[PDB]
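Q: Let's see this in three dimensions:
(chains A, B, C, D and E)
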Amino acid sequence: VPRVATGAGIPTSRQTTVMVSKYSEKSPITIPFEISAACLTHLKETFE
Amino acid sequence: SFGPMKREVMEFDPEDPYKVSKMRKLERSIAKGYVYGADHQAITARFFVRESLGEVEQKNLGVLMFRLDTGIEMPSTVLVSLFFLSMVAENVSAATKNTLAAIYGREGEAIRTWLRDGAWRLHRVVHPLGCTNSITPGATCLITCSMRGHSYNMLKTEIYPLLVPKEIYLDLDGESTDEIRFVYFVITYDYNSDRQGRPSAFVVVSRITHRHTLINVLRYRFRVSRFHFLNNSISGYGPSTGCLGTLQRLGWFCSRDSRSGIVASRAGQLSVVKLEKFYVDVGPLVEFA
Amino acid sequence: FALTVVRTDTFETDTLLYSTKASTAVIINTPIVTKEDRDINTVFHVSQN
Amino acid sequence: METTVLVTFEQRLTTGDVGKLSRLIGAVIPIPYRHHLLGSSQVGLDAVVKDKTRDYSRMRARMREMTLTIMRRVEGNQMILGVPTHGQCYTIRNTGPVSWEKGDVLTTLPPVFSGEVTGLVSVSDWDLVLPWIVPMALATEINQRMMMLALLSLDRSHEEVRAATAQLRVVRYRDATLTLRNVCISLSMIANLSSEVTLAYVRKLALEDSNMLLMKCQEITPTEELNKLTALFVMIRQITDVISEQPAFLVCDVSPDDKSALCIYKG
Amino acid sequence: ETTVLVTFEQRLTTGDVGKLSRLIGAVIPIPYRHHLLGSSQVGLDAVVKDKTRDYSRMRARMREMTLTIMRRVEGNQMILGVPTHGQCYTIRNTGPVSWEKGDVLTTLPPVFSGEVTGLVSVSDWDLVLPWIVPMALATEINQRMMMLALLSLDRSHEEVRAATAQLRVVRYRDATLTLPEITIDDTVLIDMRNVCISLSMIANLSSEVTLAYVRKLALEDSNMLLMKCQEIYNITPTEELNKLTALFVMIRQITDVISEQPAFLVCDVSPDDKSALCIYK
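A: Numbers count the residues shown, from 1 in each chain, chains lettered A, B, ... in the order given. Structure data below:
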């Protein structure tokens, strides 16, 4: 902080240590994604 | 040395619940060509069904099958559809009753009118067997009936729904939401005169999982039968009746898929309710009153 | 007696947003791909905190 | 593939006795508790069938605690067992007196020695007495006959009541006929005490009737008041413990000669 | 969905995640059952801080919850696998009952002997877990709610409180819990009716053999059950079959009134008596 030591009788502000720790916040994103079993069957199956 | 080097081999089979099912199916699909019936977490069974019972279920596919304890020793086990015992329940409109009484009834059935309406339902003749896929029309109908899981075409090509008829459904259709939806099956009696009543059947869907909170929403519906259930308790001393209602789990489906439909059969059509992604899952009987 | 009738009103609005350069330091990671299987469909859930 | 329980043959199983165990490859096995090694003295139900004062329901209270298990293969000195995964199909062997049919729900019951006393591959007092995998509707039926014979068991001195018992142990099902105490005290505490304690509770509730059913329900010391209702409800708990038979299988199809049936395992 | 990744969404601590790292395998209910949820829904605590706050509304609420099993607790991700019906799962003990291997477990709302901080009251929100009791303590604690609701029917204003305190210290296996100062609520009342109706029909169906069985047994036998219950013909058996069966419809229903949902059935219990292999949701 700034410090100004002035005046007579005026109560001066003693030198102030402001110490400050912020914090985080969490939000996950999620899409669901579907593939049918018959779609993945044709990857397996592979006929003539 | 020896011991721990062998146990690494039984440890490092990761990433699968066993890798015993999946790997050993492949070593028999390389052996025998691409094998069907192996990529199938659901569970089926093949059943010998006569030609006089072969109908409906044959044409439109994915529908309940029921066993009978018919009181006659020689044909003691007759297959019954969910369509079939609509000619027993009081819920079904008499046109809707006689629509399907004329489908089945062609000279190979109508004993089963006389030995279900006559030989009454004790709700222990019927057994929830399961749902169908892939009928085999030939000299003998041979129905692959699913037990636990979905009903579907082989090759995982199409989910076969559950064909619930309309009259058995809307009198205990549940509430409206978009969740998972359990299918229960409820037989309720109206104990009036004829020792069982006209044993009324219901396919009930509900979001409710728990037991007595589910029969409490039946305690809303069935006071007309419940007050008659109390009546024969004093209308007959010595003779008693049995259960009022009978609840059992039948399966579930995805509840955005609940939509009406129709089957296109002999003796006219029949308005049904089509429950698409129907995981068949039979539960135990809950006898209540 | 008299009566005070309160009532709310939902005014649907375009609400503009100004934020200075590089306000919030987002920290992310690679989207993990978990995999559920069913009888008939495979449901991939892709997520990252 | 599945769960595994090995059985260490403490008794010497002759190759001919292995020939009888290699016929029971499908059959169920009552295990006392899930553990990978068990003795042959543990495996089976003979440790339950054994007391001078042991009653049918008390054995059924023990067997309800015993884990059902299924035979997998008998390799000489060992018996390999599988604790069945719920929901899967299992080829169990119809060692009960009842032919099974396609779609029926199967319930485990202790074997009754009434006219069908049976043993097994026995050596040194251990056989492998095998529980009757019986249909569920007959399982409740067998239970009800046992209680009604015991409720009528005190009045043997009347021949007509004895003639009522003479019809009573005749149990007849599909292709099968077979012949068949605190539980009946539990039946009688509910029968007498509900007759007396409900009258001060029907006449208070019958005014407001939402389902409209208390109306013909009327047609049908506070320390000792609760003492009745405490020993009312706890005896209702005691009978429901020995009524709800916890269904065990669902036969999908039956193998011919009725020796076996593929059964999807439930409960 | 089955695997449920959970947002914490609150400002947790190192002392928080250290507790759940040893609690992996606990039972957490979720209402919505997504793959991605937040901790507002995840957890049971968010409904036990209601303003009415009796056992009558908390027990009937959470039977619409869906239970999950705590997995993979590192940092801020909670893997909650929704169990399937009939696989073997292990469960860490949430309430001090030893669970006594071989029996059915259930779901108890909250301890309700005070308001326990289930994890830590983080930003004035703790994550409270249900009690998983072995169905004997579940049925008994649900019995006494209706025992003392039938009591308040025919008492004036004090012999309730002189007899609830007789019956509220439930001395069970490892636990002496407390009935939650029984509030007369209508979910009890709709079902206390059907119990009183079920007691009525058993009196109707008691066909003078099932009636007189103890009163004939006291003349012949001297048993502990027979003496404590002193203070507390026809040739128609086929009809007695149907009357006893219809009596069995009632007692499988009136037990089902005060019994709960059958849930995790014990495979094995560790000698630590904390982690318990269990099947059958």
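
Q: residue contacts, the residue in chain A that chain D sits nearest to?
A: Per C-beta to the nearest C-beta, residue A:37 is where chain A lies closest to chain D, at 18.7 Å. Every C-beta, even on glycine, is put in place using the N, C-alpha and C of the backbone. Neighbouring residues of residue A:37 by C-beta atoms under 8 Å, 6 or more residues apart in numbering or on different chains: B:39, B:156, C:38-42.

Q: Please apply the same query to residue B:56.
A: B:63, B:81, B:83-84, B:100, B:103-104, B:263, B:265.

Q: measure it to chain A for me?
A: Going from residue B:56 to chain A by C-beta to the nearest C-beta, to the nearest Å gives 26 Å.

Q: re earlier: quick one: which two of the contacts of residue A:37 are the most distant?
A: B:39 and C:41 (13.0 Å; C-beta to C-beta).

Q: quick revisit: identify, from the contacts of residue B:56, the entry nearest to residue E:125.
A: Comparing the contacts of residue B:56 against residue E:125 with C-beta to C-beta places residue B:63 closest, at 49.3 Å.

Q: For the closest one, grab the count of nearby residues.
A: 25 (other C-beta atoms under 10 Å in any protein chain shown).

Q: hang on, it packs against residue B:83?
A: Yes. Residue B:63 lies in contact with residue B:83 (C-beta atoms under 8 Å); the separation is 6.7 Å.

Q: anything in contact with each of these two?
A: Common neighbours of residue B:63 and residue B:83, counting by C-beta under 8 Å, 6+ apart, are B:56-57, B:163.

Q: now, which of the residues you listed lie within helices?
A: Among the shared contacts of residue B:63 and residue B:83, no residue falls in helices (DSSP state H).

Q: could you dump the residues you listed to JSON lines with distance to residue D:197?
A: Compiled in JSON lines, the shared contacts of residue B:63 and residue B:83 are given as follows (distance: C-beta to C-beta, whole Å):
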{"residue": "B:56", "distance to residue D:197": "53"}
{"residue": "B:57", "distance to residue D:197": "52"}
{"residue": "B:163", "distance to residue D:197": "49"}
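
Q: which strand is the longest one in chain C?
A: The single longest strand within chain C, with elements called by DSSP state E, is strand C:41-48.

Q: isn't there a helix covering residue B:198?
A: No. Using DSSP: H, G, I helix; E, B strand; the rest coil, the secondary structure at residue B:198 is coil, not a helix.

Q: And it, how far from residue B:90?
A: 4 Å (C-beta to C-beta, to the nearest Å).

Q: try residue D:98
A: The spacing between residue D:98 and residue B:90, counted by C-beta to C-beta, is 33 Å.

Q: Quick check on these two: which one has the bigger neighbour count.
A: Counted by other C-beta under 10 Å, residue D:98 and residue B:90 do not tie: residue D:98 has more neighbours, with 21 against 16.

Q: what residues are up against the more buried one?
A: By C-beta under 8 Å, 6+ apart, the residues touching residue D:98 are D:132, D:134-135, D:138, D:173-176.

Q: Identify the residue nearest the geometric centre of chain D.
A: residue D:109 (3.0 Å; C-alpha atoms, centre = their mean).

Q: Pull up the gap between that one and residue D:119, please.
A: 17 Å.

Q: got it, and residue D:83?
A: Residue D:83 is 25 Å from residue D:119, where distance means C-beta to C-beta.

Q: Give me the more crowded residue out of those two.
A: A count of neighbours by other C-beta under 10 Å puts residue D:83 above the other of residue D:83 and residue D:119, at 19 against 12.

Q: mind listing the strands for the stretch 51-200 of chain B?
A: Residue ranges of the strands in the stretch 51-200 of chain B, as given by DSSP state E, counting those that start in this stretch, are B:64-67, B:80-81, B:127-133, B:141-152, B:159-160, B:162-165, B:181-188, B:200-206.

Q: To what extent is residue 8 buried, counted in neighbours?
A: Using chain A. 4.

Q: Switch to chain C, please.
A: A count of neighbours around residue C:8, defined by other C-beta under 10 Å, yields 5.

Q: Likewise for residue D:126?
A: Neighbour number of residue D:126 under other C-beta under 10 Å is 19.

Q: pretty sure it contacts residue D:11?
A: Yes. Under the criterion of C-beta under 8 Å, residue D:126 makes contact with residue D:11 at 6.1 Å.

Q: between these two, what contacts are shared?
A: In contact with both residue D:126 and residue D:11: residue D:40, using C-beta under 8 Å, 6+ apart.

Q: The residue lying closest to the residue nearest to the centre of chain D once chain neighbours are set aside: what's it in contact with?
A: Take residue D:109 and drop its neighbours on the chain: the residue closest to it by C-beta to C-beta, 6 or more residues apart in numbering or on different chains is residue D:132, 4.8 Å away. Residue D:132 sits next to D:95-98, D:108-112 when contact means C-beta under 8 Å, 6+ apart.

Q: Which one of these is nearest to chain A?
A: Scanning the contacts of residue D:132 for proximity to chain A, where the rule is C-beta to the nearest C-beta, the winner is residue D:108, at 35.7 Å.

Q: how about the closest one, phi and psi?
A: Dihedral pair for residue D:108: phi -80, psi 130, per degrees, to the nearest 10.

Q: Which part of chain D gets nearest to chain B, residue-wise?
A: Nearest residue of chain D to chain B, counting by C-beta to the nearest C-beta: residue D:103, 3.3 Å away.

Q: what's the spacing between that residue and residue E:127?
A: Noted for residue D:103: a distance of 46 Å to residue E:127, by C-beta to C-beta.

Q: Name the SS class of the residue lying closest to residue D:238 once chain neighbours are set aside, please.
A: Sequence neighbours aside, residue D:186 is the residue nearest to residue D:238 in space, at 4.8 Å (criterion: C-beta to C-beta, 6+ apart). For residue D:186, the assignment made with three-state DSSP gives helix.

Q: can you list the contacts of residue D:98 in JSON lines and add secondary structure and distance to residue B:170?
A: Shown next, in JSON lines, are those (DSSP: H, G, I helix; E, B strand; the rest coil; distance: C-beta to C-beta, whole Å):
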{"residue": "D:132", "secondary structure": "strand", "distance to residue B:170": "43"}
{"residue": "D:134", "secondary structure": "strand", "distance to residue B:170": "38"}
{"residue": "D:135", "secondary structure": "strand", "distance to residue B:170": "34"}
{"residue": "D:138", "secondary structure": "helix", "distance to residue B:170": "36"}
{"residue": "D:173", "secondary structure": "strand", "distance to residue B:170": "38"}
{"residue": "D:174", "secondary structure": "coil", "distance to residue B:170": "36"}
{"residue": "D:175", "secondary structure": "coil", "distance to residue B:170": "41"}
{"residue": "D:176", "secondary structure": "strand", "distance to residue B:170": "42"}
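
Q: Just the buried residues of stretch B:226-240, please?
A: B:226-233, B:240 (16 or more other C-beta atoms under 10 Å in any protein chain shown).

Q: need these in a markdown table with secondary structure and distance to residue B:170, can you?
A: As requested, the buried residues of stretch B:226-240 are exported to a markdown table (three-state DSSP; distance: C-beta to C-beta, whole Å):
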| residue | secondary structure | distance to residue B:170 |
| --- | --- | --- |
| B:226 | helix | 20 |
| B:227 | helix | 23 |
| B:228 | helix | 22 |
| B:229 | helix | 23 |
| B:230 | helix | 27 |
| B:231 | helix | 27 |
| B:232 | helix | 28 |
| B:233 | helix | 30 |
| B:240 | coil | 32 |
